[PDB]
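Protein chains in written order, with the authors' numbering: chain A, 3 to 387; chain B, 3 to 387; chain C, 3 to 387; chain D, 3 to 387.
For every residue, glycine included, the Cβ atom is placed at its ideal position computed from N, Cα and C.
Below is one structure, written out as structure tokens; comments come after it.
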Ligand SMILES: OC[C@@H](O)[C@H](O)[C@@H](O)CO
Ligand SMILES: OC[C@@H](O)[C@H](O)[C@@H](O)CO
Ligand SMILES: OC[C@@H](O)[C@H](O)[C@@H](O)CO
Ligand SMILES: OC[C@@H](O)[C@H](O)[C@@H](O)CO
Ligand SMILES: [Mn+2]
Ligand SMILES: [Mn+2]
Ligand SMILES: [Mn+2]
Ligand SMILES: [Mn+2]
Ligand SMILES: [Mn+2]
Ligand SMILES: [Mn+2]
Ligand SMILES: [Mn+2]
Ligand SMILES: [Mn+2]
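Structural data, given as structure tokens:
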């Protein structure tokens, strides 16, 4: 199960670079040089990296230092053949962002958050990224009077609409991907799920510039079915990017390596991305546990990739198995994919077999055969066929 | 705190009529006649009632019996001055709907679910309802291979699009309100939140025919902030109807009387509906606990109405209190409501005070004063001013 | 992966016999005769069955009918070689139990709940059961003033203490196993977790008569780590019985077949029961989904057994793998099992290497190597070694 | 609603002193001097403070600096009349504790964690504390093979048993209070609930030395009923101390001021502590939100105290209201407090009115009148009587 760069595996600088500072505990690992991580991730078989502005250029860097940091970084990309498919802005760490960036109550902060963003879209385009992520982690509230949500959506729509004006004015090929999260670090975060983000995009001036960046662990923090939300994103044409990780239920945001957490969810998510032909990056947004030294870092990043490739093999065996395709017909998946009434409304209304003469008892008696199907999918996952 | 019918309080027949059958236990109360409940709810000060088809006309009734049931019911509405603002279809009880109605894997079932719906839209319009709710409680799965979600959304969009064709062909003034729920009775239900429902409507052929019917307890079963979801629905123009009840956290769907459960949520929700000028029905979709006899039924329905009217008084005192309006300015709510950059993109880009000369430290030092605000809102709720 | 009766697999009559009545829906399957289920479960390789009183003898049966029902049942046990290791009381279905059995506010109800219990302990002993389960599913409240919890624990301790007097007075070899559940069908249920049940037993007059019956899905409905709770029960000597099933997170009690739900939890639970040498019944307390016909019933019961036996094989390969035992030493599991201070308190206090000269930096730098361990356990589960 | 020191309100140095560093964000407030906080908390009406070792004496302080820090602190206690009822150890911040203190896999770490503890019990006794808290925040795992839980409970019991030997050997009047938490910062924390902690104490050599320190927000992070767990702790005689705060459901540990979060829980908890006559400290273990400056700090600490005193007044009015005491009898709370069978087992067995002649229908028909009771308790809370 060996990754190659053709598998499209990517990692944030902040993921392998997490020093292991948590709400109760100091760092347990020294800071990695971005150079270092590029080199070590290319050896493991990754395809590229991603960054916040602030991961690559230290906050408050002179323009003399910015350019330095960028030079070095670009040399290591040249030396390794790594790409930069996606970039994003840190609008959550510095204290100025303690009430948000694009929805902060202070208007000055809000203009500062769009200037800091625009600066990093230029760099992102220079470095070749196709997708620009926006996680509004400070956009929200711990209290009901602190934030009027209708005014805060007006602000959010204004900031995204100015960024879409900027990008079309510059000529850039770059799209935006909004990342939902339901809570943490705010008490409640605005656009908390995939469905809220999808809905919001349909109100922006140019909706075809924006899609979603869902993360495994974030929709599971609301107790939702991650493969069902991604289906919906796929159904809308809006799955621009995806963050892969693991999460054990409804609790703080664990960011465990991909395959950890809900491992059957993980199986149905790979099944779906592979059968829909998702062709963007398989990005890992994870934190190696603070228990680990640098050995455990690179082990944990390697197991992200491994577990994807194992689950891809088992989902492919599942769909390719004749006894499975027979089960799928027994459970009427074929019929789910046929129109209910291609005949149209009038013919439906005149069809007596639809109502007046429909035998509800006979229909109700038929078994759906779902459990036999599900066990087939379990035997496939476990390799126990 | 006395309701009158001008408060727009409504109840489902199924709410006061719940016999108290639960997954572990038999009925504890006899069946109410719909007549009875209309009379008793008009005495308590309610404005109207709502129904499933199957609450009012027993499943499988001849057309001779349907008309009877409807006659009787209409007399009791005449005798009491009660209205029928909303109606809906039962597509969840009968065993034929064990895989869903509009997304069942069997195509025959799906045509039967639209015929059963259309029949009840006619009756709904006859009885004067303005809103037709659709809760797809059986639309979903307990297992990943049982349902392809992209085909199931195609089916759902086809069923809603044929119902919008039906209503515009008949000339009816009636809109649809889709009610989300994340789970129960299915393992996972499709369009599980407000945001998923909002997103989905924007893909139907005629989106201005459809809005949402959110329920308190349903978004809390995902751990989400119910007043934040309703703000978003208000912001989209799509809050057609609302279900009011109480829920203690993430667990089975409790349906406790309104004000029970999360009582500070309840306060910020009344604050919002009243300050936005929501003017639809305040509908109660609750179940009096099976511990209660008919005395406890009508006590529980009365406390729904009482608790709304108490929280309306305290939210109104809150917003009317000068010291509160002063706090709101101290916390910059005023600034949240101003555009970030009415000057436009170019002027933002040329403004040095937005970036080059923005003092981030000074901005970061300012306190948001949220806690003083929040305690004011607490003293108001508790009447301890 | 073929079960035999030596695997100690058991099922409740109520599990395969669930008609599929849920809070929103009628039965979807006819009632099974207990005879039938005994015969069909013996063919699949099960070791025995369990019952509520009310599953085997219809509520209100004359003593002429009781004996009949029991005769028939006993013949089918004779004909099949099935055992009855465990029995329990239904103190939740009938409306008289709407406030509880042993903690109902009415004292008359409470005496009735102990008489109904004692009657079924006699039958249980006749039929050879070793364990008598008590799930207090109606013991609790939806509201804070409805139940004083300290008086309700006095009542619960009084009922269990009289049942322990009864059993020691009759000479019976039978122990009690209390089953925790956090909620459903009550808003909150008393002794909601394993730890609450364990604590409570230590206050009964004869604590060595009582242990716990934990269920997978119940501790997961609180978001807790089921293998950690069973370790604690094992550590106390109190794991008398266990209920096996699957649950997807914090929501209504799904009762999916064992292996469904949290499949990595399932792996670490089999690892533990097998390495501790648990030798009681592996009981399945599950409901085949109401989507299924009788074919899907017996498929779902068979997959419970299958998935146990697959996970037993993979946990055994895991612990037997030298590279795994090497990893365990690398992560210091060996040291966890050594006493911290067998030298005693004084020697600890005089040991300078424990404090004055302990090098905290060097210790802090050591990696725990947990991620490499965890991936080994993942490759083992998936059979990808 | 003015606190005085006779109300027994206390605060941790770490609570008002939280700089607002979170998993995504830098500090937003400078460090407070312990002196400062003592002075400011005495002005607001608090009764005392509590500390970790490491809050009061910087980690790695020479013994020349320790004594200095302690001198200063003691002067400010003298100048203000503040007490120190409780102290505890920081065994979670420093990287050496990344796998735990008392259950770390490294035995060296474990001896170091008991030496660091013992040192601070001496200081605690010097400063007059009565209760010594132990929150094992690093005791647990993110992965199943990382920790054998039975060996880890052996270690935990060994560490607590040596601390009980230490304290009885020194002659100290000091008891231990174990604080449960279900998760965060570990994936799962050992003894995750009140009931697990209660159970564990009953296995220590001297159980009458140990009780529990429950925190509001921690049992709510498992979705449990905090007043029900404290009743159980009261029922066992083991409520040594309590941490008061607010939490909105199952998510990261918010630590909002007391009264925020679940405000009806807050009401029933004050009702219980006041009617049981709890006479330990009312300690606040909260964090003023990082949005706040020092003004918002002291506002947030003041609202903890205010909200306790408002809820005490409304619970007292509730229990003192004749119409309430009438409701309580209508709902049979009186009967809950009577023995079920003071007559004994034999008389129960011979009582025909308990079984043979018990009218189950009549009993089942009686209403429990809980909803009327609950609304009375709501009108009382809101002051709407
Ligand atoms: O929860 C943290 C979020 O996942 C971020 O890592 C975003 O993906 C990028 O800012
Ligand atoms: O959870 C059940 C749902 O709330 C229904 O009562 C809908 O509102 C109407 O079918
Ligand atoms: O949740 C229901 C409980 O699990 C019961 O099935 C008990 O095990 C036996 O009464
Ligand atoms: O969650 C953090 C815990 O509540 C601590 O503050 C303990 O109370 C003391 O170490
Ligand atoms: Mn995350
Ligand atoms: Mn992410
Ligand atoms: Mn509901
Ligand atoms: Mn509803
Ligand atoms: Mn269960
Ligand atoms: Mn069970
Ligand atoms: Mn806490
Ligand atoms: Mn605490």
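Should the segment 242 to 261 of chain B be regarded as contacting the segment 368 to 384 of chain A, the criterion being three or more beta carbon pairs within less than 8 Å? no
For residue 1 of chain B, the residue or residues it bridges with in DSSP: Only positions 3 to 387 of chain B appear in this structure, which leaves residue 1 of chain B out of reach.
Could you check what DSSP says for residue 61 of chain B in three-state terms: helix, strand or coil? coil
What is the chain-ordered set of residues for which the beta carbon lies under 5 Å from any non-hydrogen atom of ligand 5? A/219, A/255 and A/257
Using the Cβ count rule (16 or more neighbours within 10 Å means buried), how would you classify residue 60 of chain C? exposed
Answer with buried or exposed for residue 89 of chain D, where buried requires no fewer than 16 other C-beta atoms within 10 angstroms of its C-beta. buried
Could you tell me if the beta carbon of residue 141 of chain A falls within a distance shorter than 6 Å of some heavy atom in ligand 6? no
Does the distance from the CB of residue 200 of chain C to the CB of residue 224 of chain D come in under 7 Å? no
Quickly, what does DSSP pair residue 181 of chain A with across the bridge? List them, please. A/137
Any beta carbon from chain A within less than 7 Å of residue 185 of chain D's own beta carbon? yes
With hydrogens ignored, establish whether the beta-carbon of residue 132 of chain B is closer than 6 Å to any heavy atom of ligand 10. no
May I have a chain-ordered list of the alpha helix (DSSP H) segments no shorter than 4 residues that lie completely inside the segment 61 to 134 of chain C? 65 to 82 and 109 to 128
Determine, for residue 150 of chain C, whether the minimum Cβ-Cβ distance to residues of chain B falls below 7 Å. no
Taking 7 Å as the CB-CB limit, is residue 94 of chain B close to chain C? yes
CB contact check: residue 114 of chain D to chain A, cutoff 7 Å: no
Compute the beta-carbon to beta-carbon distance between residue 159 of chain B and residue 206 of chain B, rounded to the nearest angstrom, for a pair I have assumed lies under 8 Å. 6 Å
Residues with a Cβ closer than 5 Å to any heavy atom of ligand 12, in chain order? D/217, D/245 and D/287
Nearest residue (CA-CA) to residue 79 of chain C, options C/67, C/37 and C/63: C/37
Between the Cα of residue 319 of chain C and those of C/251, C/279, C/380 and C/348, spot the shortest distance and give me the residue it belongs to. C/380
As assigned by DSSP and simplified to three states, the class of residue 14 of chain A: strand
In the DSSP assignment, find the unbroken beta strand (DSSP E) run with residue 50 of chain C in it and report its ends. 50 to 54
Name, please, each residue of chain A whose Cβ falls closer than 7 Å to the Cβ of residue 249 of chain D. Simply none; closest approach about 10 Å.
What in chain B is Cβ-close to residue 266 of chain C, meaning under 9 Å? Near residue 266 of chain C there are no residues of chain B at all, since even the closest Cβ is about 16 Å away, more than 9 Å.
If you measure from the CB of residue 270 of chain D, is any heavy atom of ligand 2 nearer than 6 Å? no
Between residue 181 of chain D and ligand 4, is there a pair consisting of the residue's CB and a ligand heavy atom that are separated by less than 6 Å? yes
If you count every other CB in all the chains shown that lies within 10 Å of the CB of residue 301 of chain A, and 16 or more means buried, which is it? buried
Coarse secondary structure for residue 334 of chain A, derived from DSSP in three states: coil
Hey, does residue 308 of chain B have any beta-carbon neighbour from chain C nearer than 7 Å? no
Rounded to the nearest angstrom, what separates residue 312 of chain C and residue 386 of chain A at their Cα positions? 8 Å
Just the chain A side, please: which residues come within less than 9 Å of residue 349 of chain B by C-beta, in chain order? The premise fails here: residue 349 of chain B is roughly 10 Å from chain A at the closest Cβ pair, so nothing lies under 9 Å.
Below 6 Å, is the gap between the Cβ of residue 90 of chain A and the nearest heavy atom of ligand 1? yes
Residue 205 of chain B - DSSP class collapsed to helix/strand/coil: coil
Going by the C-beta, is residue 466 of chain C closer than 6 Å to any heavy atom of ligand 1? The question about residue 466 of chain C has no answer here: the residues shown for chain C are numbered 3 through 387.
What's the gap between the Cα of residue 363 of chain D and the Cα of residue 35 of chain B? 22 Å
Is any non-hydrogen atom of ligand 1 found closer than 6 Å to the C-beta of residue 137 of chain A, if you look at the structure I gave you? yes
Per DSSP, residue 258 of chain A is paired with what? A/248
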